[PDB]
Amino acid sequence: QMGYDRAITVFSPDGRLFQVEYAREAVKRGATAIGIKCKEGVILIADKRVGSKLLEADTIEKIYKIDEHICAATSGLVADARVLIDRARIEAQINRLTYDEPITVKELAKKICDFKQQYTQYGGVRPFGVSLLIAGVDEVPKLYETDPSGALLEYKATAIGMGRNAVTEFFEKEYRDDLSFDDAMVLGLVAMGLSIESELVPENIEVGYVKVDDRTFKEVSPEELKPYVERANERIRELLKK
Amino acid sequence: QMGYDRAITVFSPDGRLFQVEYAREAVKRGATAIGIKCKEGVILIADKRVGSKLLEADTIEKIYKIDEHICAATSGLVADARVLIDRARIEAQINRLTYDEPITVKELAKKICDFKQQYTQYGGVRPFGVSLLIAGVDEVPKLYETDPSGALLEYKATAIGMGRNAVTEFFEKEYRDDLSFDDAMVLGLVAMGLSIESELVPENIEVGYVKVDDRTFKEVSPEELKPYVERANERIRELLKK
Amino acid sequence: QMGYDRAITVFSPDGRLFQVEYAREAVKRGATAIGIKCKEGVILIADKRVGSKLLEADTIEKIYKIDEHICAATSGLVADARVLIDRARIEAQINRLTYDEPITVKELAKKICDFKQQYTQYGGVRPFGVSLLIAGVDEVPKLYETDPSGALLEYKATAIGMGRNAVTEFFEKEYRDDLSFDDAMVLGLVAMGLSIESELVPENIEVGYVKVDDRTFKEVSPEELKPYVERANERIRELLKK
Amino acid sequence: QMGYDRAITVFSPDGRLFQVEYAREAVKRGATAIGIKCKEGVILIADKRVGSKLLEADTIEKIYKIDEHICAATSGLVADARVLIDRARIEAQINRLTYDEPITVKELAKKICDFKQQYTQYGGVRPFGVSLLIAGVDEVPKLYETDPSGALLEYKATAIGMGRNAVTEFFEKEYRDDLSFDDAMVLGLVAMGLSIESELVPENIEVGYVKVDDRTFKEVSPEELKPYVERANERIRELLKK
Amino acid sequence: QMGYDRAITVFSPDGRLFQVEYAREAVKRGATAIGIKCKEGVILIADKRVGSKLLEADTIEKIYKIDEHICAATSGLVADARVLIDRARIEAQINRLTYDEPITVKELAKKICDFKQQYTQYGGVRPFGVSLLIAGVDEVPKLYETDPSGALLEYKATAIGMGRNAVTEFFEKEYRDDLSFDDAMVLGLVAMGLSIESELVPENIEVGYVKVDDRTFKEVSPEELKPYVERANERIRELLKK
Amino acid sequence: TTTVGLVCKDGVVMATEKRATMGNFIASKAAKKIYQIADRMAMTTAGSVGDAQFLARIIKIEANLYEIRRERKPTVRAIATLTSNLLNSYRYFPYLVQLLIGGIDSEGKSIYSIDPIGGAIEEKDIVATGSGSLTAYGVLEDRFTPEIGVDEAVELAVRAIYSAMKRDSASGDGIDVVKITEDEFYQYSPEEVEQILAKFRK
Amino acid sequence: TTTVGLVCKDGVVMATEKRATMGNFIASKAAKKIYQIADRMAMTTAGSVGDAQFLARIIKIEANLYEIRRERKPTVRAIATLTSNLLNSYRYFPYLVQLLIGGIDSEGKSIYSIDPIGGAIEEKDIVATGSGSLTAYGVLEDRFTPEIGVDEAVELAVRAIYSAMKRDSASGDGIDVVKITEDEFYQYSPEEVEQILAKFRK
Amino acid sequence: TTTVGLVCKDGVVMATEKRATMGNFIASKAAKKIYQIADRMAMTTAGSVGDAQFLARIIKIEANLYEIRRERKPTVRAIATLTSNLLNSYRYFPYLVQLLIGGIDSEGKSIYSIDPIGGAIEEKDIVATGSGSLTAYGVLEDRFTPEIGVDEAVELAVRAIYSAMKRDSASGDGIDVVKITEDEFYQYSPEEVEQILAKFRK
Amino acid sequence: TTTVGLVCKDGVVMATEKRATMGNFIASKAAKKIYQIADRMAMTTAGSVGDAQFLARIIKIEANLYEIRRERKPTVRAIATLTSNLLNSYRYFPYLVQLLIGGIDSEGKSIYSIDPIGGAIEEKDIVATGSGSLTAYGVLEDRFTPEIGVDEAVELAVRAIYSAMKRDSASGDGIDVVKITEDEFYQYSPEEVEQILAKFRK
């Protein structure tokens, strides 16, 4: 046994810090979220299936407003997400105060990356064991992932949680940079289906989007999501046959 | 394990916070507390049982007035709970100071999640070893559970405490989404009669509630308690012969 | 067991805390102090036993004064009590400042227990290891036991100290909620005589009491302890023969 | 044993700081960067190859304009980069705020070292395990390496990161101080190519420079990059026939 | 044996600080630096060779101007040296600011001893790993040594680092109280050649000096250095013949 | 810019003149310048609308707080003493204000006057306060009896300020009276009040 | 400066003058006075130009933040009280503006009149604010019906600032009118309105 | 002292007086009152010399810092907001300079005035600020077309300022014109500017 | 008090008055008013003598720290700008002095004048803050040339403070002038200077 994860302040001899590689594991145990980028906006798709029917069907939430034009999804503890999302919302809005311009997807991501990294260096506080997805259209549609390390990675399409490894391989084949808005939402609805190994019913997924033309965040109503979900079911069922 | 459980800062190679699971077993040390949500109001039923008879049971209570249409219950340390909920009283009052408008049940839940999160994050301090059940009606009835770290799950039938597992099984079967406020009151006493493993006497229970129509807190006095308990006893005895 | 008792910020895997359990053993180690509540007042008795005669025959002070109608008595760490009651005294004065009304025993007990809980939160600060039995009459008589854990419990009759357990079993049989003022103090003198297993003299007890009819704490001289002491001594003798 | 290695304050019987030594190895884990100085300016070549096709090939950026005339590469964690560079950006301008004059390549690189030196002496924190290469021309061309330790070593061509070992051996024979700007650029991509031991493509690498006839950071587009990468690829081929 | 290098708040049973003795063995893990006092000046020589030939001649390059009449060389961590040296420069100008008195060689060394002793005593930080030779003519020639901890000792020739022991032994034979500037400069070049077990070349050391007659710092120029290499090397060849 | 207050024998009756004007903007003339602290407590202010409503908000929030935390209805003196302490904190900017806090509690009915920089002092059954204070005393004390009910008390307060109104020049049209008889918390407002005073003045 | 407010039953209409005059000195020419807090919510300021823009941006940002927190749009009351709270905190800075914060929320239509010492008060009638205010109130109260279009509402607010203007040298033109019709947030803007007041001439 | 800003079809032009006189004090005739903030953004100061310059240095450091950190150019709006926040917060160290920040940015061309008391208002296409303002408005509007060229604009800018300096006995003989034609950032500076008004005889 | 400064064809020459009063004593009898800041760097000051004395000690020290730290002598631009920050701080203390900081540096020869509220400003010609500045500007421009020698510069500088001597009450005969040519840092001091104002005669 190690003690190279007694604190965040002890490197391993191999030159790595183990404790943020275990905060990375905190995200995986939580449920999946997929962010899917096309050339006509971005889509953001997230688990809401959670637990049995004791829990409310439309339980709040994985799909958070950051702005009325930048949205985020999480995976990991929804404690570390909840206060972090409080911190995110303030951060975008401070940008709006002092610039009277909306935060760009890249710039909000950079500030979350610094914030995370603050906790990472001191031994007196632990960093969040949470990862975040930041989706927008500033005026170029963009998708990022901000790590629990407070590292920044640009993505064409990305996933986190339980279904992370299935969605990756799946998009390795099918995804293109010229998918339509309609195709890219649907494509990731198959992938989301595969992530929980079940058909998608519209009451266990919350899906929001940022369109390029509007540049306004809008949330897909249960039954407006229903025909997109329905077309996904054909491919998800097909693929669960194998 | 046996070292990565000796602080609130460490993760394990499974990426669990064991200090936070342990604060949660603290919840399970405390007596059962039960919430039901129905569409005509929300119900809070607290255990108010005394273990010796030289105890005075007016302060063995769970139920704390918070706002004039938000009540809440507690399970965990008694100590942790009073300081936490006093914070919540202030917070609900503060919200009225800067907006002139009672606090929403959700916002209060987000604020009190976030209070518990700084205490989960900072290594110099332990978390609050408590979960709340936050029950109110703001315009539309609400039931929340907060976890010891500050995670938020919206419910529709729930419990925390010793009897939790069994109350979870009970509402799997019995709780329906069409129960009237009257009907669901009895059903929630049948859920409390089950977990305590005998029939109930009104002196060992306390009921508080928020209905939608009245949009007030009241507290159920032992005179106004009885017709409900009398109905409840009949069925509590039947489930003790299964 | 190990590593769950060397700090205050750690819980056990069962939701117990072995450090805080040991502070309760701290209460159990010291001398007995009995509080007995009646409908005409509340009687607070503490053992003024001295383990030598070189010790002053009025040892300062087994029964402290907090306000004009509020007293408390100690069992456990006597060091700590000096500090702890200074806080309680300032708290009752603070409420007379900011509301011009004395503090209710219930809310006082909450404040003192909160100060304790604050000293549970911090990792470098251990909690007070002392229990105080705060007694007073605000409208009706009230008796509370404040624990080292920060939790309050209201009683009809109580004990703390090394005689705690014996006097729960004793008053359980014997106490009734229909004692007169005289009958109450005498029954409490019997309880002290049982615990120490010798007869009483006015030199191994300090008694004060609180009258509804005066709304004030008064402190009982050795002369006027003599009638009560003689009457009580008969019952004690019969109990130490069986 | 070995160490004495779980503190940052501890120097071990070697007289090294193990903590610090583990963090130079955390640089290596991060992706290679190649720095090269000539008498016509300074070229900095940086790896922007991360991931398969899950991630976008443009991933920020990794060759950050720090100042007007100073740019830097990073090797080590991207998370570590963000925070060291945030501070670095601010420092570059800070010199201009209080003097209204150019920041020195020597001086910027020292105060980038200083921020982490703070985090090397102090016990509450870790240094970031990141090594930046600091390349610019204030008035003569200079190349330095900043080290996670906080060491500042002027190089004339070098590598750090994954390719550290590889490129030193390469540059023993190839590196000369009478080289051309064009020759240097090409030689630096061969070095990188050797690091990855593979064929280059001009789309997943970014080359920027500070000339001495400019005194401004510039960056060489990917449309421009193609011929330099192509003359590189012949020379990678000669090497990978040996 | 020990475990008292684990702290720096401790003393060991022999009353020693082993932490300070391994900060001593960080100095011995750095390249030497030598000082000579003659009665015509004081002359400080320090290694300027580092790494492979791919690092500038002018990579550290240790013998920093501190003041007009005070230069100070280093051995140990090139990271801690920098901060100290900067602190040495600031303390000397503070003296100028508050007195208009150029700081004494002695009083500058004293103020450094006190500065490093704050970092020895405090346990939230570590002692430096660096030894400096503080040297100048205030109004007579002086050479001191400030230690890892900050111990002040006056020398008439010294060395610090890996070369240290050999060069001590050498002086024990050759060094004379009748020594002059020319002889001294030669002498320290011989002394540097025993450390490195090999010849010297002009630019692979830097030498700073303070004359009595100038009472001002001048750096030895490479060209001025050249005739001194040639004469020093005479003795060097002889003493590296085995 | 004047207030009066009197204990009934079955409630607390207080009255406030509507008009506050600063410059050419009339702040209140049709709107609230009387605030609800609690259900059974009111507070009337003689002075500025901005200072009054912001301070009242505080007293209101610690009034609901007292009630919730301690599960017992507050005494009059508690709130009173509490407002005094607040006025000590901010005393660097205009906060000077003439307050009556009254209503009902367990020990009876009470009204307490808070001085503008701090302190709280008491009044047995008649207070005033305000700039019309001299004029209000004559009216309230004259028509007081020890058997004075709520009905003729709401009328009595209207007469005291409206007689004041003539000796002032600051004070203009409109008045709010509040009756806290314990069974209702009614804010009479100008329309009812003017019609009651249509017999006691014309 | 003057700002006017009125409650129609089809919407909330408020108005400003954007060319504010010292007495003969001007430094505006399109100087902003109308702030869009939301599609249903507006802040109309009278006063200093500068202090109002700084205060408006603080408020705009928190209005959005609050929408996002409760997942439920702010009420008109909530934004009015937020500004009251900010004004008292920053009374240790020299920020002096008297505000009118109005709009539509689910409880109806309402306006809150705020002064820089605090306070927010409900008026569901006529409200006006500034030192063209006295003249403005004279036109507006008489010609108020609460049963008026949002079409016939703009003509009256226009008329009010216009009358103030011809008896003030402190209010100039720039007359903007905002209408919040419960489908959109329309600002008529100076150009058109200067021509409605052209026809109230000859 | 005075400053003007007008928007062309292909540029933005603003102007300053470059010598500043107050009483009969000359502190230099080569002083700066023109700041280049970024590539095709400038800042033109009216008010006192020394607070313009001190405040100015900071805005430049921000301008680079925001560009670097976002990877994209600051707008006029980005820095206009930025200056106004900086002016409001520093009222421990206030600054008495009246800015006009303008230029070409991604949104297009626009010029915002920032008051010495803070707050950022936008002017549509004409703006004058300072003592020379009242007359200056009318000088610019006389030939004004928004399809005026940069060439006819630079000429036009000179007459507005040229009216202000000769009228005052405490204005300077220096003038600076700033041209921003996107393919240039030309600083005309006193010698070149003099010969333009050498036609006007003074 | 007045300062002058001029840049030569190969160096820089700056000058100050002597024979001034502060309190009821003479404040210049061998006092310094030109301080040597760095090796080939100087400061001439017009204002409060002892604040200017104290500020010289600080700036002097920070110049050496730049040199000792970075192995590179300071530029004039560096130093002045750092003065500007300090003056900004020292508004809460007496510290009003009008500063010219000149010398030779890597960019060539230059003088930056630092305002009483702070603000560095380039001048490559002549500069004079002061009270005698306008008169000085008179005399200065008359024999200033960009091929003015370092010994044709000392004539000019003396001439101006002699015309200002009669216009101020702080200036006598025999004054400080300094030449900074890069191969000299030579200070003439009063004696020489009497002999240079005896070439005019008076």
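What counts, and at which threshold
- In this document, every chain is numbered from 1 following its sequence as written, which may not correspond to the numbering used in the entry; residues for which no coordinates exist are not shown.
- For naming, the first written chain is A and the first written ligand is 1, with later ones following in the order written.
- Every figure reported here is calculated on the shown chains, themselves a piece of a larger assembly.
- The basis for every side-chain value is the complete set of heavy atoms in the structure, and neither hydrogens nor water enter the calculation.
- The helix count covers DSSP runs of H or I at least four residues long, the strand count covers runs of E at least two residues long, and both are numbered beginning at the N terminus.
- This radius of gyration counts C-alpha atoms alone. The globule rule is 2.2 Å times how many residues there are, raised to the power 0.38.
- Partly exposed residues are those whose accessible area sits between 20% and 50% of the maximum for their type, while under 20% is buried and over 50% is exposed, using a 1.4 Å probe and protein chains only.
- Residue contacts are counted whenever heavy atoms from the two residues lie within 4.5 Å of one another.
- A 1.4 Å probe and the Shrake-Rupley method give the accessible areas. Residues count as covered only by the protein chains that appear here.
- Under the convention used here, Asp and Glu are negative, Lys and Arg are positive, and both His and the chain ends fall outside the count.
- A single reference atom marks each charge: NZ on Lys, CZ on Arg, CG on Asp, CD on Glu.
- Grid spacing is 1 Å over the protein atoms alone, the probe is 1.4 Å, and a cavity is where that probe fits but cannot get out, while a pocket is an open set with protein on both sides within 12 Å along at least five of seven lines and lining residues have an atom within 4 Å of a point.
- Grid points are joined across faces, edges and corners, and a volume is the space filled by probe spheres set on the points.
- Any residue outside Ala, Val, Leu, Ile, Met, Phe, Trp, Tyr, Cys, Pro, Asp, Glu, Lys and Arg is labelled polar, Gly included; the first ten of those are nonpolar and the last four are charged.
- Given the number of residues in a helix, its expected span is that number minus one, multiplied by 1.5 Å.
- Superposition of the copies is carried out by least squares, using only their C-alpha atoms.
- Axes here mean lines fitted to C-alpha atoms, for a helix over just the part in contact, with angles spanning 0 to 180 degrees between N-to-C directions.
- In what follows, roughly perpendicular refers to angles from 65 to 115 degrees, roughly parallel to angles under 35, roughly antiparallel to angles over 145, and oblique to any angle outside these ranges.
- By buried area we mean the combined loss of accessible area, with a 1.4 Å probe, across both parts when two parts are placed together.
- Salt-bridge detection follows one rule: a side-chain nitrogen of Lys or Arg within 4 Å of a carboxyl oxygen of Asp or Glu.
- Strand pairing is defined by DSSP finding a minimum of two bridges between the two strands.
- The definition of a nonpolar core used throughout is a set of buried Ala, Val, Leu, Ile, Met, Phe, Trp, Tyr and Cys residues joined through side-chain atoms within 4.5 Å.
- UniProt positions are given in the numbering used here, feature names are shortened, and annotations may be inferred rather than shown by experiment.
- Pairing of N or O atoms within 3.5 Å defines a polar contact, subject to two protein rules: one partner must be a possible hydrogen donor and the other a possible acceptor, and residues neighboring in sequence count only if both atoms are side-chain atoms.

As summarised from the PDB record, the model derives from cryo-EM at a stated resolution of 7.04 Å.

**Some points on the overall build of chain F**
Helices and strands together make up the secondary structure of chain F, namely five helices and 12 strands. Taken over the C-alpha trace, chain F has a radius of gyration of 16 Å; the compact-globule value for 202 residues is 17 Å, and the two agree within 12%. With the C-alpha coordinates of chain F rotated into their principal frame, the extents come out at 50 × 45 × 25 Å. Burial analysis of chain F (202 residues in total) assigns 61% to the buried set. Put simply, of all contacts in chain F between residues at least 6 apart along the chain, 62% involve residues at least 24 apart. A total of about 8200 Å² of accessible surface is found on chain F, and carbon and sulfur atoms cover 49% of it. Seen as two clouds, the 25 positive and the 28 negative side-chain charges of chain F have centres 4 Å apart.

**Regarding empty space enclosed by the protein**
All names here are of chain I. One pass over the full model with this rule turns up seven cavities of 30 Å³ or more. In this structure, the largest cavity occupies an estimated 50 Å³ of space. What lines the largest cavity is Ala38, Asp39, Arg40, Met41, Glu67, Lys73 and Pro74. The residue makeup of the lining of the largest cavity, split by class, is three nonpolar, no polar and four charged.

**Here's the deal with helix α6 (residues 181–195) of chain D**
All names here are of chain D. Spanning 15 residues, α6 covers 21 Å between terminal C-alpha atoms, matching the ideal 21 Å at 1.5 Å per step. Burial analysis of α6 places 12 of its 15 residues in the buried class, which makes it a mostly covered element. Among all positions of α6, only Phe181, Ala184, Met185, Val186, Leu187, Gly188, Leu189, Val190, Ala191, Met192, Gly193 and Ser195 are buried. Against β1 (33–37), β2 (41–47), α5 (164–174), β9 (205–211), β10 (217–220) and α7 (222–239) lie the buried residues of α6.

**Points about the relation of the copies chain A and chain B**
Mapping chain A onto chain B calls for a screw motion: a turn of 51 degrees about the axis and a shift of 0.3 Å along it, with 0.9 Å RMSD after fitting. Little of the interface of chain A is mirrored in chain B, where only 6% of its interface residues again form contacts.

**Some words on the packing of helix α2 (residues 80–99) of chain A against helix α3 (residues 105–121) of chain B**
Relative orientation of the contacting elements α2(A) and α3(B) amounts to 105 degrees, with a least axis distance of 9 Å. The angle between α2(A) and α3(B) falls in the class roughly perpendicular. Residue-level inspection shows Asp80(A), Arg82(A), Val83(A), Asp86(A) and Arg89(A) of α2(A) in contact with α3(B), the latter providing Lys110(B), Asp114(B), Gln117(B), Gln118(B) and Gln121(B). Looking at the contact of α2(A) with α3(B) residue by residue, the classes come out as one nonpolar, three polar and six charged.

**Remarks on the interface of chain A and chain B**
Buried accessible area, meaning the area lost when the parts come together, often serves as the stated size of an interface. Contacts between the two partners involve 33 residues from chain A and, on the opposite side, 37 residues from chain B. Surface buried jointly by chain A and chain B totals about 3100 Å² across both partners, of which 51% is contributed by carbon and sulfur atoms. When residues of chain A are sorted by the area they lose upon contact with chain B, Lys53(A), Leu54(A) and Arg126(A) head the list and together hold 24% of the total. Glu56(A) serves as the salt-bridge partner of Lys37(B), at 3.5 Å between the closest nitrogen and oxygen.

**Brief notes about the pattern of salt bridges**
In total, this model carries 141 salt bridges over all chains according to the counting rule given. Between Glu206(B) and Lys48(B) there is a salt bridge whose closest N-O contact spans 3.3 Å. Residue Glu206(B) is located in strand β10 (residues 205–211), and its partner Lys48(B) is located in the loop between β2 (41–47) and β3 (55–56); the two are separated by 158 residues in the primary sequence. Each member of the pair, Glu206(B) together with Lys48(B), is buried. Across the pair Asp177(D) and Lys39(D) runs a salt bridge, and its minimum N-O distance is 3.8 Å.

**Remarks on unusual backbone geometry**
The peptide bond linking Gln1(D) to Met2(D) adopts the cis configuration, its omega dihedral lying at 10 degrees. Residue position: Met2(D) is located in the segment before α1 (18–23). Each neighbour pair has its own omega, and for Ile60(E) with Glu61(E) the value is 5 degrees, a cis peptide bond. Notably, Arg215(D) is not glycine yet its phi reads approximately 50 degrees, a positive angle. One can find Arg215(D) in the loop between β9 and β10. The class for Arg215(D) is partly exposed, based on a relative accessible area of 38%. Unlike most non-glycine residues, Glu182(H) shows phi in positive territory, near 80 degrees. Checked against the element boundaries, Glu182(H) lands in the loop between β9 (176–180) and β10 (185–187).

**Here's the deal with the sheet that holds strand β9 (residues 205–211) of chain A**
Residues and elements named next belong to chain A. Read from one edge to the other, the open sheet built from five strands follows the order β8-β1-β2-β9-β10, with strand pairing classed as antiparallel. Both outer strands of the open sheet, β8 (157–160) and β10 (218–219), are each paired with one neighbouring strand and no more. Note that strand β1 (residues 33–38) and β8 share four bridges and pair antiparallel. Of the residues in β8, the one forming a bridge with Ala33 is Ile160. Across the sheet, helix α4 (residues 164–174) touches β1 and β8, and the angle it forms with β8 is around 160 degrees. The strands that helix α5 (residues 181–195) touches are β1, β2 (41–47) and β9; relative to β2, the one it contacts most, it runs at about 20 degrees.

**So, the nonpolar core**
The nonpolar side chains of a soluble globular protein tend to be buried with one another. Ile114(F), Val4(G), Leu6(G), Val13(G) and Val177(G) are the most contacted members of the largest nonpolar core, which totals 73 residues. When neighbours within four sequence positions are excluded, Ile114(F) is seen to be in contact with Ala80(F), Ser84(F), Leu87(F), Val97(F), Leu99(F), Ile101(F), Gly119(F) and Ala120(F). By size, the runner-up hydrophobic cluster in this structure holds 52 residues, among which are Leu108(A), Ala109(A), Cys113(D) and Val130(D).

**Brief notes about the arrangement of the chains**
Taking C-alpha atoms only, the smallest gap left between chain A and chain C, which are not in contact, amounts to 12 Å. Considering only C-alpha positions, the minimal separation of the non-contacting chain E and chain H is 26 Å.

**Considerations on the UniProt feature "active site" in chain F**
The positions that UniProt labels "active site" are, in the present scheme, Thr1(F). If sequence neighbours within four positions are ignored, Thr1(F) has contacts with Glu17(F), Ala46(F), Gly47(F), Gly130(F), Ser131(F), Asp168(F), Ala170(F) and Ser171(F).

**Some details on the interface of chain D and chain I**
Tallying the contact residues gives 14 residues for chain D and 12 residues for chain I. Counting the surface lost from both chain D and chain I, the interface buries some 1100 Å², and carbon and sulfur atoms represent 38% of this. Contact with chain I buries area across many residues of chain D, yet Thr98(D), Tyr99(D) and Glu101(D) alone supply 47% of it, more than any other trio. Put simply, chain D and chain I have one salt bridge between them. Ionic pairing is found between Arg72(I) and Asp138(D), a salt bridge with its closest N-O pair at 3.6 Å. Applying the counting criterion to the chain D and chain I interface returns eight residue pairs in polar contact. Looking at the side of chain D that touches chain I, the elements with two or more residues in it are α3 (78–98) and α4 (105–121) of chain D.

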